[PDB]
Amino acid sequence: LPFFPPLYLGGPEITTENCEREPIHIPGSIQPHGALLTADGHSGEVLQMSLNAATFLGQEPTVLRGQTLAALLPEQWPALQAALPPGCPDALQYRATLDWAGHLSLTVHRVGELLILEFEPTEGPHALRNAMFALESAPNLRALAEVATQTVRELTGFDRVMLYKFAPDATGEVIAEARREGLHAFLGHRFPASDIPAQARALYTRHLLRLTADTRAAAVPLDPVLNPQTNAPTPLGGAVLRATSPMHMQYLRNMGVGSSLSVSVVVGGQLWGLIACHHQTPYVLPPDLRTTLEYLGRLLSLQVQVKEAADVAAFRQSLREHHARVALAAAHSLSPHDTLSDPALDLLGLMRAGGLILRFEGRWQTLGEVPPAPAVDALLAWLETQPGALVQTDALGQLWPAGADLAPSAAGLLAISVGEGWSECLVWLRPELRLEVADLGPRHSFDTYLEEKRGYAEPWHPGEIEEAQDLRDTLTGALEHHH
Amino acid sequence: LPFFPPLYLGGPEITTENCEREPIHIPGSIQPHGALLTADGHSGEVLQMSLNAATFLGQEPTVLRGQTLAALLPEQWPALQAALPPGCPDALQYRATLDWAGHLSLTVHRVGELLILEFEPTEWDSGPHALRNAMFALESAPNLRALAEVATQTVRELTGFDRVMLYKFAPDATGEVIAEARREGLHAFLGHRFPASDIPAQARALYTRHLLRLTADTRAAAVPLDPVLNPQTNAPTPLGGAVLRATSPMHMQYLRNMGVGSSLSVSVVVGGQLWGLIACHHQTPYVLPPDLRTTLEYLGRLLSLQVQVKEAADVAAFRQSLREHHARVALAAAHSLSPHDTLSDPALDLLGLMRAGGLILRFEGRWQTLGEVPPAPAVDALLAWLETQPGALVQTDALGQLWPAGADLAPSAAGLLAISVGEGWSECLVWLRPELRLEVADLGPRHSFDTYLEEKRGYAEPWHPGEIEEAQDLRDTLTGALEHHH
Ligand SMILES: *C/C=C1/C(=C/c2[nH]c(/C=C3[NH+]=C(/C=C4\NC(=O)C(C=C)=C4C)C(C)=C\3CCC(=O)O)c(CCC(=O)O)c2C)NC(=O)[C@H]1C
Ligand SMILES: *C/C=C1/C(=C/c2[nH]c(/C=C3[NH+]=C(/C=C4\NC(=O)C(C=C)=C4C)C(C)=C\3CCC(=O)O)c(CCC(=O)O)c2C)NC(=O)[C@H]1C
């Protein structure tokens, strides 16, 4: 839906009912650990300041306003414009160090008509270089995820560093963690989509790093709050010193988090996940170290893509070698009920399933954790209704309404008709999804995730549905031996 | 084929006839701008040295040999093993700075049983925002070429190399300079293409795993290892993953003949595949320091990512362009009158759709041309040949090969793309492309460029998959405008 006006333009209260619609990109204020100016793209006339900017740079409130950047930044003003040519993206950032009244770090980016400048204080090197090689030589996605979080924590000294991976449905999961000895084990925890809303996700896809240095600090407004050019909200979406959403700063406080920081991992223009960081006390990470994190953000964006592709390939291999061992016994031997229900074949483990139903020559027969006998009959009745020679679902209760009661033993379904109709068929079953534990916050969020996944099960990997289809073909080929 | 033994084990001469089989990974020697040691994976006993190593570190020839790394590197020896656990890949590299008799930069990697250590002098250099800004520039570049320019430009600004080129491989393993950044007053290599054999198999393969190698002085003498063989196995010490590995003699010739004193190249890898190189040249010898090489290595991988992004974005907007064009064709196809009138209209630009030099149309028994097309009697003979072919779609980069008797009509129409509108090839439509041609600006590039053109004799610009895809979708939609004409 269309986001509401900001609080400073008669906008409504950002409650937990409508926070999907917070204009997080135009808070009209910054964090107090730095300063911020805006200026005309062409003229270089300074138009807005953060109130602290006067004190932070070492000049006076209305002497800066209505002044050329040519004057303020004689060395940088020309080189700045070379780096940020008119009409360039807002994602593009030029950086430089300065001398005043101390050493400052200037970070500039352009929002079409308006230049936006961020000032904050500034000032062995093989930590990154070695980590780069470590990431690359890690054997799988988990191992990569561990090296990432471990490294980031070693570099930053954050209390908690987690790699937070998004799922198809926009829900999150902590797949690796690195924390200080004596802390909550967030590893494994999953959280709903709404905990990181649309506009937040969208913004994190273009601008790949944002932080909250002090979760208790007061925001520093811009003066004037609006851009004199257009009389419009100044978009700070691509500014590191942008004021964090009040609603989120609550979440952080309730976790006892003083400082936060997150780095986007993007794969194929898609927000794959975050390196989320926490400190229980406020902590301003210096610009040169943030830069080091930014490199990892993108080195990881690459290796994530490589390792997932390598992992799926070796997983696909495993299913194909398994599929062969099945077809070996299928051409061979005797009745299928005898052969396929053999533990040596492990026909369950093929589709990492909790239960398995087989019907052959009119008889049905089970293996593993399967619903009560009368229900199994009613299920095979329902299967005969369905078109095609393949069915699947993460939550059977939804697709088969009258089979909602048999969710605990068999929430997930994967079915294949061997011959025609569903007379000769084969059916896998998965339990209702279940995870362990270790209002506003994670304890409530974790519970509301489990509520959303009520009656749902572990979803089927495409390669499992693909190999299941190839098994329909090869197992049809061992019916003339039995007919 | 199986590579020959190295020169130092009675191996044959690496001539230009058999250089595909040079064991480039085991030269048994290093470059003189650094030093090199090998040691036991478990014990840390030093087994081999480069002859200069004694002088370079500040100890004596046979005092180092048969010594623990625990003694030599008390601070590093433990942390080293933590970073390089037994059985880890040879691609994995641990780095650290030292103090002796000066500041050294140690770079270690493991080849299973054997640890290999590289020493070379170091420093802080340059300030640090050059990379950080370049990272953002690459990302915000609008297309592959623009990205390529920013890369080469940046690399040159950082290194001060005389020439920096982004060298992109093609499907057939041939190369092409797609961007260049050189010093004012130099050979314009931009555009030049070179054959596959100029960078052979084992070279390519090695450059896919170890993503950077250099030649600091093209005239310098190699420094051998003593002993040349590994005492463990009595085997060639593989230096493939060592920066100070001695460059192939055969390649150092190539560089000398171009007047290149120093070379350096960084692999760009996309999907486990060697996409291309950032190739650098200096006309005088030039040792690039380790901390600056590291900066180049980051770009090597930032670029590996953006190349993949920008190519995917470029193909997507190109695919869009063909689809909007395809629509404008089908708009006039349902409409109007005879197809010969409609399709041969310049406003439609049925040529430009498939970026073709010539175009043949046949409809209701008559054939009709547009643009640069072979002589009339040949066109008849071509349509005869087309009727032989199965399916409703033909393609080729070099028609002369697939249609032997049509080899003579290569200059006007080397490339072919055909689609039968109805059935058979009675009602059909055929695009033609000229023989591939590029401009100019023994052993070296001048000969290589010419031998590339020789290999591409009778060949044409190949058809983008999306052009062959949209051509197939045009068969369907244009069949749908035949009941209007029948
Ligand atoms: C209904 C609105 C809600 C609010 C929305 C919201 N959230 C963010 C930014 C983040 N929210 C996150 C959620 C988590 N962080 C964690 O550490 C954990 C568990 C350990 C969870 C579930 C995260 C990770 C971020 C990233 C930012 C950061 O880590 O510092 C925003 C936008 C913040 C901004 O950029 O200004 C918004 C609007 N959060 C909710 O949970 C609901 C109630
Ligand atoms: C028959 C053997 C040949 C020899 C093979 C060869 N080449 C290399 C390394 C390279 N060769 C390259 C060829 C070019 N470099 C250029 O700059 C241009 C045009 C401007 C061409 C055509 C390139 C780019 C490399 C990369 C290395 C580098 O740039 O420094 C090796 C192995 C080198 C090593 O790592 O030891 C070998 C064996 N070159 C030939 O042309 C043929 C005759």
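Residues numbered from 1 in each chain as written, not as in the entry; some residues may be left out. Chains lettered and ligands numbered in written order. Heavy atoms only, no water.

With the PDB entry as reference, chain B is termed Bacteriophytochrome, source organism Deinococcus radiodurans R1. The title given to this PDB entry is "Crystal Structure of D. radiodurans Bacteriophytochrome Photosensory Core Module in its Illuminated Form". The annotation that UniProt attaches to chain B under Catalytic activity is "ATP + protein L-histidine = ADP + protein N-phospho-L-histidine." Heading Sequence similarities of the UniProt record for chain B holds this comment: "In the N-terminal section; belongs to the phytochrome family." (UniProt positions renumbered as here; feature names shortened; annotations may be inferred.)

Going by what the PDB entry lists, chain A is known as Bacteriophytochrome and is assigned to Deinococcus radiodurans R1. Listed in UniProt under the heading Catalytic activity, the comment for chain A reads: "ATP + protein L-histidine = ADP + protein N-phospho-L-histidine." What the UniProt record of chain A gives under Sequence similarities is the line "In the N-terminal section; belongs to the phytochrome family."

*Asks:* Would you mind going over the site of ligand 2 with me for this structure?
*Replies:* Residue and element names in this part refer to chain B. Around ligand 2, the surrounding shell holds 21 residues, and the nearest of these are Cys19, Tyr207, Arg245, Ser248 and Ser263. Between ligand 2 and the protein, one listed contact pairs a nitrogen atom with a side-chain N or O atom of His251 at 3.3 Å. Within the complex, 96% of the 860 Å² of free accessible area of ligand 2 lies under protein. When residues of the shell around ligand 2 are traced back to their parent elements, those giving at least two are α8 (249–257) and β14 (262–269). Tallied by class, residues from the shell around ligand 2 come to 11 nonpolar, seven polar and three charged. (Near = heavy atom within 4 Å. Polar contact = N/O pair within 3.5 Å; in protein donor to acceptor, adjacent residues only side chain to side chain. Areas by Shrake-Rupley, 256 points an atom, 1.4 Å probe, with all protein chains shown as cover. Helix = DSSP H or I, 4+ residues; strand = E, 2+ residues; numbered from the N terminus. Nonpolar A, V, L, I, M, F, W, Y, C, P; charged D, E, K, R; others polar.)

*Asks:* Can you walk me through the domain arrangement of chain B in this structure?
*Replies:* Reports often express the size of an interface as the amount of accessible area lost when the parts come together. Residues and elements named next belong to chain B. Partitioning chain B into structural domains gives domain 1 (1–22 + 126–220 + 249–315 + 434–458), domain 2 (23–125 + 221–248) and domain 3 (316–433 + 459–486). Spacing between the C-alpha centres of domain 1 and domain 3 amounts to 38 Å. Taken together, the contacts link 12 residues of domain 1 with 17 residues of domain 3. Overall, the association of domain 1 and domain 3 removes approximately 1000 Å² of surface from exposure, summing both partners, and the carbon and sulfur fraction of that is 50%. When residues of domain 1 are sorted by the area they lose upon contact with domain 3, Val315, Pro434 and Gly458 head the list and together hold 54% of the total. Across the contact surface, domain 1 and domain 3 share one salt bridge. The salt bridge partner of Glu461 is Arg193, with a shortest N-O separation of 3.6 Å. Where domain 1 packs against domain 3, one counts 11 residue pairs in polar contact. The dominant element in the side of domain 1 that touches domain 3, judged by the number of residues it contributes, is helix α9 (residues 290–334), at four residues. (Domains from an automatic or database assignment. Contact = heavy atoms within 4.5 Å. Buried area = accessible area lost by both parts, 1.4 Å probe. Salt bridge = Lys/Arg side-chain N within 4 Å of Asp/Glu carboxyl O.)

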